[PDB]
Amino acid sequence: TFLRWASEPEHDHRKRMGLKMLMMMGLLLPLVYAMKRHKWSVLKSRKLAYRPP
Amino acid sequence: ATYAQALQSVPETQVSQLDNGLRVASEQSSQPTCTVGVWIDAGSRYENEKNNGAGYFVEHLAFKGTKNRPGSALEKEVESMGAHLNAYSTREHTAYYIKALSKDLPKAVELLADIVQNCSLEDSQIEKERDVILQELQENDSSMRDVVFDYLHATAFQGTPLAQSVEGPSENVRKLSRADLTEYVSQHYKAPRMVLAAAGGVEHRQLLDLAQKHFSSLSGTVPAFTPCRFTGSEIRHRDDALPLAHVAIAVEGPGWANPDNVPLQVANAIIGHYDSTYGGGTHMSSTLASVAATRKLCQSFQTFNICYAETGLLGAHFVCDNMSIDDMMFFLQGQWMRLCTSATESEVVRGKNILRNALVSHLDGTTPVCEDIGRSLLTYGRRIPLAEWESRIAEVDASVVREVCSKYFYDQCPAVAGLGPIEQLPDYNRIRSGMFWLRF
């Protein structure tokens, strides 16, 4: 394990950024998805009707 | 006579009330003519889905013969004394007014008593009128202004009686029978929902005596509508064969009550109106109109203030080619938010003067005065004197206009109705984004 640390000094710090990223992504993906659905709901509700003479 | 003294010198509108509930009112003048008519609170707003169009039908049938006066005999009277008989049915009001001479008031009121009480509803006449209404509907289909406004009403008040049109669908027109018409007239043409207005050279006491002698045997002493809901939507009747593209964009405005109407009108007076055959062109104070004349973006544009009993539509309607809808949407929204965020004082003064001129000049001639009387006793419940209008306009300032526009314009979902080559018309998301400013 000492040699592993020698190869990857940033291991624990890497996992710390990983945990923070996981929480931030789990908070962000739903919210950006909600914004996308909110902006796209205008289109995904259309009721196009064809009325030829 | 320094204007204000002239406003005070305007004779008042005396108001009475019969035992039947008829709100008889009159404004006395010195002219040798007069306009007397009953305004009823019927209209498409009080019409259900199956009954939609019955008000227009009964208004059509009203003048074509009564019980006591069979057929053209009624008309034979109106032309014999020079009277002009006219009618109009709004989504919430109906009216039959008879222009006449001041000495023909005793007869004219009688005719009115015959029109609204002893109607005919002749079945053969109904059949003759059905195809006439169908052809009138076909004519209105070519009315690219009325069609657009009906589209706006349908897409703004969807799912509510206010979305219904005055004439109603053709299906209802062909389906409607005499029973529906007589039920409608018996249910809506009630005495408490009628106001007998009469402007011109008519003395109020004579009007009261005539009403008590003719309109006495009306209803004794019930559709009271439901609060309609505004739904920010859009209708795009894309038809590129049409030469121009009529667009109407509105927001939920105030009603007949809610004094915010007075400042709001001022804001509209700031935006103003313009069309191709105007005067100064690229000099008028309206930035919208000046830009339109400078770049020839359109052939017409207007700011309406359609306000109903509990709600209303406030916005604009412009007629332009297919290649300039985006630019005018941009400029119109820019003017709206310029008023919303920084309205200045000088533009407010100009709007106050324009509104003053509108109210004053509109109320000239016996017909507009009588129409104002009848409409005001129904909507406001009182004939608002011009002095009160002057005071209410005077109270309006820059801060009041900014606040009221912020309440009704800023960050609000609008209702859009476009007809014609409206491909350029920005998507509803872009319009809604234009309904708010990032800088502010």
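About the thresholds
- As a convention, residue numbering begins from 1 on each chain and follows the written sequence, not necessarily the numbering found in the entry; residues with no coordinates do not appear.
- Going through the entries in the order they are written, you letter the chains from A and number the ligands from 1.
- The displayed chains are a subset of a larger assembly; all values refer to this subset.
- Hydrogen atoms and water are omitted, and side-chain values are computed over all heavy atoms in the structure.
- UniProt positions are given in the numbering used here, feature names are shortened, and annotations may be inferred rather than shown by experiment.
- Each helix corresponds to a stretch of at least 4 residues labelled H or I by DSSP, and each strand to a stretch of at least 2 residues labelled E; elements are numbered beginning at the N terminus.
- Put simply, the radius of gyration uses C-alpha atoms, and a globule should come to 2.2 Å times the residue count raised to 0.38.
- Exposed residues in this analysis have more than 50% of their type's maximum accessible area, buried residues have under 20%, and partly exposed residues fall in between, with area computed by a 1.4 Å probe over protein chains only.
- Here the accessible surface of atoms and residues is derived via Shrake-Rupley with a 1.4 Å probe, and residues count as covered only by protein chains that are part of the display.
- Residue contacts follow a heavy-atom distance rule, with two residues in contact if any of their heavy atoms lie within 4.5 Å.
- In this scheme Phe, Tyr and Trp rings, the latter by its six-membered ring, pair at centre separations within 6.5 Å, and the angle between planes marks the pair as stacked below 30 degrees, edge-to-face above 60, and tilted otherwise.
- Remark: a charge is flagged as sitting over a ring if the NZ atom of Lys or the CZ atom of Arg is within 6 Å of the ring centre and within 35 degrees of the ring normal.
- Pairing between two strands requires that DSSP report at least two bridges joining them.
- Here, nonpolar core means buried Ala, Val, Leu, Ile, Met, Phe, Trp, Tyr and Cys residues that are tied together by side-chain atoms lying within 4.5 Å of each other.
- Only residues whose relative accessible area exceeds 30% and that form no salt bridge are eligible for patches; like-charged ones are grouped when within 9 Å, while nonpolar side chains (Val, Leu, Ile, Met, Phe, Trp, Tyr) are grouped when within 5 Å.
- Salt bridge, as used here, is a side-chain nitrogen of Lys or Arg placed within 4 Å of a carboxyl oxygen of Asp or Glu.
- Side-chain atoms alone can form a polar contact between residues adjacent in sequence; in general such a contact is a pair of N or O atoms within 3.5 Å, and within protein one must be able to donate a hydrogen while the other accepts it.
- In this analysis, axes come from line fits to C-alpha atoms, helices being fitted only over the stretch in contact, and the angle between any two N-to-C directions falls in the range 0 to 180 degrees.

By the naming in the PDB entry, chain B is Cytochrome b-c1 complex subunit 1, mitochondrial, taken from Sus scrofa. Under the heading Subcellular location (unreviewed entry), UniProt records this for chain B: "Mitochondrion inner membrane".

If you check the PDB entry, chain A appears there as Cytochrome c1 from Sus scrofa.

**Student:** Explain the overall build of chain A to me, and be specific about the residues and the numbers.
**Tutor:** The helix and strand tally for chain A stands at 2 helices and 0 strands. Computed over the C-alpha atoms, the radius of gyration of chain A is 24 Å, more than 25% above the 10 Å expected from 2.2 N^0.38 for a compact globule of 53 residues. Seen through its C-alpha atoms, chain A measures out along the principal axes to roughly 85 × 15 × 10 Å. In chain A, which comprises 53 residues, the share counted as buried stands at 0%.

**Student:** Describe the overall build of chain B, with residues and values.
**Tutor:** Counting its secondary structure elements, chain B contains 17 helices and 12 strands. Its C-alpha radius of gyration of 23 Å places chain B within 12% of the 22 Å reference for a compact globule of 440 residues. Along the longest, intermediate and shortest principal axes, the C-alpha atoms of chain B span 65 × 55 × 40 Å. With 440 residues in all, chain B has 54% of them scored as buried. About 18900 Å² of surface is accessible on chain B, with carbon and sulfur atoms providing 52% of the total.

**Student:** Give a detailed account of the environment of B:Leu419, specifying residues and quantitative values.
**Tutor:** Residues and elements named next belong to chain B. Within the fold, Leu 419 resides in strand β12 (residues 415–420). Sequence separation between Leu 419 and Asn 268 is 151 residues, and the spatial gap between their C-alpha atoms is 23 Å. For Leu 419, the contacting residues outside a window of four places in its chain are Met 144, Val 147, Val 148, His 237, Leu 242, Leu 244, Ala 245 and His 246.

**Student:** Break down helix α2 (residues 54–63) of chain B for me, citing the residues and quoting the values.
**Tutor:** All names here are of chain B. Taking burial as the measure, the 10 residues of α2 include 9 buried ones, the bulk of the element. Three or more residues of α2 are buried, namely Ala 54, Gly 55, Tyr 56, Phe 57, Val 58, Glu 59, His 60, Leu 61 and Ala 62. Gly 65, located one to two residues past α2, shows a positive phi value of around 90°.

**Student:** Run through the packing of aromatic side chains, naming residues and quoting values.
**Tutor:** Residue and element names in this part refer to chain B. In total, this model carries 16 aromatic pairs over all chains according to the counting rule given. Each member of the aromatic cluster is reached from another via a ring pair, and the members are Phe 63, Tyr 96, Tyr 184 and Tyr 189. The ring of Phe 225 carries the charged tip of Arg 45 above its face, separated from the ring centre by 4.2 Å. Just above the ring of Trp 437 sits the side chain of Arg 439; from NZ or CZ to the centre is 4.3 Å.

**Student:** Break down the pairing of strand β3 (residues 33–40) of chain B for me, with residues and values.
**Tutor:** All names here are of chain B. Of all 8 residues making up β3, 7 are buried, and the element is well covered by its neighbours. Strand direction decides the pairing type here: β3 and strand β5 (residues 94–101), joined by 8 bridges, are antiparallel. Bridge assignment links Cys 34 to a residue of β5, and that residue is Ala 100. Of the strand pairs in this sheet, β3 and strand β6 (residues 194–200) are connected by 7 bridges, and their pairing is antiparallel. Looking across to β6, one finds that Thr 35 is bridged to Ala 199.

**Student:** Explain the nonpolar core to me, using residue names and the numbers behind them.
**Tutor:** Residues and elements named next belong to chain B. Residues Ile 249, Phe 318, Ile 325 and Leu 425 are the most contacted members of the largest nonpolar core, which totals 55 residues. Examining the composition of this core, we find that 9 residues originate from one element, helix α12 (residues 325–341), more than from any other. Contact partners of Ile 325, with chain neighbours within four places excluded, come to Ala 245, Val 247, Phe 318, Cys 320, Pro 421, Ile 422, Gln 424 and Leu 425. In this structure, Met 81, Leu 121, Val 185 and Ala 191 belong to the second largest nonpolar core, which totals 50 residues.

**Student:** Explain a nonpolar patch on the surface to me, using residue names and the numbers behind them.
**Tutor:** Residues and elements named next belong to chain A. On the surface, a cluster of nonpolar side chains totalling about 850 Å² of accessible area is made up of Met 21, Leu 22, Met 24, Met 25, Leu 27, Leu 28, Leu 29, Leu 31 and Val 32. Relative to the helices and strands, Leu 27 resides in helix α2 (residues 11–40). The class of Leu 27 is partly exposed, set by a relative accessible area of 46%.

**Student:** An account of the side chain of B:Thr94 is requested, with residue identities and associated values reported.
**Tutor:** All names here are of chain B. Note that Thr 94 resides in strand β5. The class of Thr 94 is buried, set by a relative accessible area of 2%. Polar side-chain contacts of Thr 94 include one of 2.9 Å to the backbone oxygen of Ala 42. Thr 94 has contacts with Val 38, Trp 39, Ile 40, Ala 42, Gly 43, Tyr 88, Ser 89 and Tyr 189, leaving out every residue within four places of it along the chain.

**Student:** Describe the sheet that holds β6(B), listing the residues and the values that go with them.
**Tutor:** Residues and elements named next belong to chain B. With respect to topology, 6 strands assemble into an open sheet ordered β1-β2-β6-β3-β5-β4, the strand pairing being mixed. Looking along the sheet, the strands with just one partner apiece sit at the ends: β1 (13–15) and β4 (84–89). On average, each strand axis in the sheet is inclined to that of its neighbour by 15°, with strand direction left out of account.

**Student:** Which residues make up the pattern of salt bridges, and what values go with them?
**Tutor:** Residue and element names in this part refer to chain B. Using the criterion set out here, one finds 23 salt bridges over all chains in the structure. One salt bridge connects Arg 238 with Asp 240, and the closest N-O pair in it is separated by 3.2 Å. Look at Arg 238 and you get partly exposed, because its relative accessible area is 47%. If you follow the salt bridges from partner to partner, you end up with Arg 69, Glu 77, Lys 107 and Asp 114 in one network.

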